[PDB]
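Novice: Sequence, then structure. It's an experimental one.
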There are 2 protein chains.
Amino acid sequence: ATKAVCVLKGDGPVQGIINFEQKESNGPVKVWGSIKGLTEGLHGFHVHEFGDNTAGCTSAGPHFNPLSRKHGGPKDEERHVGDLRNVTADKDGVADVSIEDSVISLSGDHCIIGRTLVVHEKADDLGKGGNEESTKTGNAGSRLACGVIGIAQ
Amino acid sequence: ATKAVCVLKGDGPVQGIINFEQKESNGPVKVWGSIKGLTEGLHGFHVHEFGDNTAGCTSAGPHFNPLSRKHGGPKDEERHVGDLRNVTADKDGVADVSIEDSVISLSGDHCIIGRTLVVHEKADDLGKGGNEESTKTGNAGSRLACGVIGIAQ
Ligand SMILES: [Cu+2]
Ligand SMILES: [Cu+2]
Ligand SMILES: [Zn+2]
Ligand SMILES: [Zn+2]
Ligand SMILES: [Zn+2]
Ligand SMILES: [Zn+2]
């Protein structure tokens, strides 16, 4: 089994810790933790290609997408590797994250260790928003917080 | 060729950006960039095992050392994978880093992507200090700044 972790920070109040665990190669990755400082409701949540935060979250590049597929929802066959389920913040601005995803991985071609996890300003429209931008980014707006995904004990 | 990058931060004083590049599998890695906010002179410079910054630099674990070797100098056959050359800060507290290291890698068993780079309070004694601690950590004192090593474009 493999574990990873990410500390999310930004220029506003959004901050969080997200854990990843994968019991076996190509198996589901469990994703969990808490993010605070968010507006109530849904927020886009993606793995971006680069673990480069030299210019903040902007330097993380696009969604992790090694086969140049369209942006989609987590359950779509046509999705980027980095297209995780939206997180949901409650009335106190807290998202308690509970995700299982079988497209991301902690080894192999879909490995996300060393890449950037980003939480967004708005909801990800899952590629279903009816404009081209939707099938590139999900229209999730700005990058509010992020961090590089690291190997954990 | 593969590139990686690391943003070093701690609690305010010490800040830096370090780049990594490796032309081929098993080949030397070039390490370069700049760190500011240091006292003049030598500072230990290590890759630690875990890319876990949940408790700041403390949660990075020990030096990256997959074969349970002794701590050494970078040119020693017996060293941890993470034992890089000390960095040297000038009289203004700036270390211009220029390293070539043949033991670290950006792929394979010695891969450091997803692990933590750490710069220290004191010089690493290269495992040639006067106590048993020397051959574990190099007696480099506190972890002044760190970051997770991420994949770069
Ligand atoms: Cu994103
Ligand atoms: Cu160290
Ligand atoms: Zn199985
Ligand atoms: Zn996407
Ligand atoms: Zn060669
Ligand atoms: Zn060492």
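Specialist: Cool, got the structure. Numbering: from 1, shown residues only, chains lettered A, B, ... in the order given. Ligands and ions are numbered 1, 2, ... in the order given.

Novice: need the contact list for residue A:114.
Specialist: Residues in contact with residue A:114 (C-beta atoms under 8 Å, 6 or more residues apart in numbering or on different chains) are A:51, A:148-150, B:4, B:51, B:113-114, B:148-151. Any C-beta I mention is one placed from the backbone N, CA and C, and that applies to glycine too.

Novice: at 7 Å instead, please
Specialist: A:51, A:148-149, B:113-114, B:149-151 (C-beta atoms under 7 Å, 6 or more residues apart in numbering or on different chains).

Novice: How about residue A:143?
Specialist: A:57-58, A:118, A:120.

Novice: how about those residues, which pair is most distant?
Specialist: Greatest spacing in these, by C-beta to C-beta: A:58 and A:120 (12.9 Å).

Novice: ok, back up a step: for the contacts of residue A:114, name the two members farthest from one another.
Specialist: A:149 and B:149 (11.0 Å).

Novice: related to what we said a few turns ago, pick the one among the contacts of residue A:143 closest to residue A:31.
Specialist: Of those, the one sitting nearest to residue A:31 (C-beta to C-beta) turns out to be residue A:118, at 13.5 Å.

Novice: The closest one - nearest residue in space that isn't next to it in sequence?
Specialist: residue A:146 (4.4 Å; C-beta to C-beta, 6 or more residues apart in numbering or on different chains).

Novice: and the closest residue to residue A:98 other than its chain neighbours, what are its bridge partners?
Specialist: Excluding the flanking residues, the one nearest residue A:98 by C-beta to C-beta, 6+ apart is residue A:32, at 5.5 Å. Beta-bridge pairing for residue A:32 (DSSP bridges): residue A:19, residue A:98.

Novice: can you give me the strands for chain A?
Specialist: All strands of chain A, identified by DSSP state E, fall at A:2-8, A:15-22, A:29-36, A:41-43, A:45-48, A:54-57, A:87-89, A:95-101, A:116-120, A:143-148, A:150-152.

Novice: if you skip the residues just before and after it, what's nearest to residue A:123?
Specialist: Per C-beta to C-beta, 6+ apart, closest to residue A:123 is residue A:42, 3.8 Å.

Novice: quick revisit: comparing residue A:58 and residue A:120, which residue is more hemmed in?
Specialist: residue A:120 (26 against 12; other C-beta atoms under 10 Å in any protein chain shown).

Novice: dump the residue contacts of that one.
Specialist: So residue A:120 contacts A:43-44, A:140-144 (C-beta under 7 Å, 6+ apart).

Novice: Quick check: ChimeraX command selecting the buried ones in the residues you listed.
Specialist: To isolate the buried members of the contacts of residue A:120 in ChimeraX, using 16 or more other C-beta atoms under 10 Å in any protein chain shown:
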select /A:43,44,140,143,144
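
Novice: From residue A:7, how far off is the closest residue to ligand 2 within chain A?
Specialist: The nearest approach of chain A to ligand 2 comes at residue A:150, 15.1 Å away (C-beta to the ion). From residue A:150 across to residue A:7, the span is 9 Å (C-beta to C-beta, to the nearest Å).

Novice: Name the nearest residue to the residue nearest the centre of chain A, sequence neighbours excluded.
Specialist: Closest residue to the average C-alpha location of chain A: residue A:46 at 2.4 Å, with C-alpha atoms, centre = their mean. The shortest distance from residue A:46 to any non-neighbouring residue, by C-beta to C-beta, 6+ apart, is to residue A:82 (4.7 Å).

Novice: how much space between residue A:78 and residue A:62?
Specialist: In terms of C-beta to C-beta, residue A:78 sits 16 Å off from residue A:62.

Novice: residue contacts, the closest residue to ligand 1 within chain A?
Specialist: Proximity of chain A to ligand 1 (C-beta to the ion) peaks at residue A:46, 2.9 Å away. Neighbour list for residue A:46: A:63, A:82-84, A:118 [criterion: C-beta under 7 Å, 6+ apart].

Novice: Reformat these into a markdown table and put neighbour count next to each item.
Specialist: Shown next, in a markdown table, are the contacts of residue A:46 (neighbours: other C-beta atoms under 10 Å in any protein chain shown):
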| residue | neighbour count |
| --- | --- |
| A:63 | 24 |
| A:82 | 26 |
| A:83 | 29 |
| A:84 | 28 |
| A:118 | 27 |
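
Novice: Which residues of chain A lie near ligand 4?
Specialist: Residues of chain A found near ligand 4 (C-beta under 5 Å from the ion) are A:63, A:71, A:80, A:83.

Novice: hmm, try it at 6 Å
Specialist: Within reach of ligand 4 by C-beta under 6 Å from the ion, chain A has these residues: A:46, A:63, A:71, A:80, A:82-83, A:138.
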